[PDB]
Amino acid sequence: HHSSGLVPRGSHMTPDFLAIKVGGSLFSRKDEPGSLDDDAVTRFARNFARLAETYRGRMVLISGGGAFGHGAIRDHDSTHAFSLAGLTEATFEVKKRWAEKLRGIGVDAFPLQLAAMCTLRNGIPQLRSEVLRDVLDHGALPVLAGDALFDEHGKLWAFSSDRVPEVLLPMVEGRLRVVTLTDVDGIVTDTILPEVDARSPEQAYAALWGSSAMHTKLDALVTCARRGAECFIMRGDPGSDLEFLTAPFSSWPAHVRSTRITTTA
């Protein structure tokens, strides 16, 4: 044993930090180039803005790539991994769209290029820039997304927005809550699986085999949960009030449906 800070955890506890990920399905049609649903962005932004005020300096917003990200990956040449570099430009545009919208309603939203801040080493993302922590400490809202990241051999890899919360794990103090908003109510097994134990999540993986994206979400959120995070897969809706995401899980409204991924506590 090495010593570390004992962190109180449980469904009774308020999160110290929110990582909110908004799936591309919710504001973009992959098979419509450059599509962004401005109404969806507008409405989500209003709900994200209220979270950001409470979680000032204690939140990130992570955007899915939508048409932009999936186009960049579709149009690259796999014989030259460097052609993936266009993905960094694609996912910058989506971050811009969120940040512009949020600033328009008074949120101090700043887009940050994950590729300028993070690289891969033995497959694990490494935060390599101090700027993310600074931005948070200034009380601003980082707008993040997936990206094309370099590995230690100079090879670019597509790193999904779904995995971005992994990057926060060494940086966040206290209780991290990760919320992945998608176009389904959770992991469907048909019923939702309401609880997954990240120590042994084999039944959640077995459910995706039943129903064939979601694998990547599960992988990322298990990884996060094994490092103490309280993670959720749940349905996004542009107009839905998200104030409950500030609250202890045991206090959530009864109508809310999700898959909750944790280790004991």
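So that there is no doubt, residue numbering starts at 1 and follows the sequence shown. Here the rigid core means the biggest group of C-alpha atoms that line up within 1.5 Å when the two forms are laid on top of each other.
Superposing the other copies on the rigid core and comparing 126-134 to 89-97, farther C-alpha placement in 6 other deposited structures of this protein marks 126-134. In a rigid core superposition of the other structures in 6 other deposited structures of this protein, 24-32 and 194-202 differ in how far their CA atoms stray, and the farther one is 24-32. Of the other compared PDB entries of this protein that include residues on both sides, all give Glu152 atoms, none of them, and so not a third, leaving it without. Looking at the other PDB entries for this protein, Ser83 is present in the model in all of those that include the residues around it, rather than absent from a third.
In the deposited entry, the stretch joining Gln203 to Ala204 is continuous, with no residue of the deposited sequence left without coordinates.
The entry shows a gap from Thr189 to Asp190, with 4 to 9 unmodelled residues of the deposited sequence in between. The PDB entry reports B-factors from which the mean C-alpha value can be compared for 110-118 and 82-90; the larger average falls on 82-90. The mean C-alpha temperature factor is higher for 71-79 when 71-79 and 130-138 are set side by side.
Comparing the C-alpha B-factors of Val60, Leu208, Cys224, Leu218 in the entry, the top value falls on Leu208. When the CA B factors of the chain's modelled residues are split into thirds, the value for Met13 lands in the middle one. Sort the modelled residues of the chain by CA B factor and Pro165 lands in the lowest third. Per-chain ranking of the deposited C-alpha B factor places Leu193 in the highest third. The PDB entry assigns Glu173 a C-alpha temperature factor belonging to the highest third of its chain's modelled residues.
Annotation for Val256: CA B-factor lies in the highest third of the chain's modelled residues.
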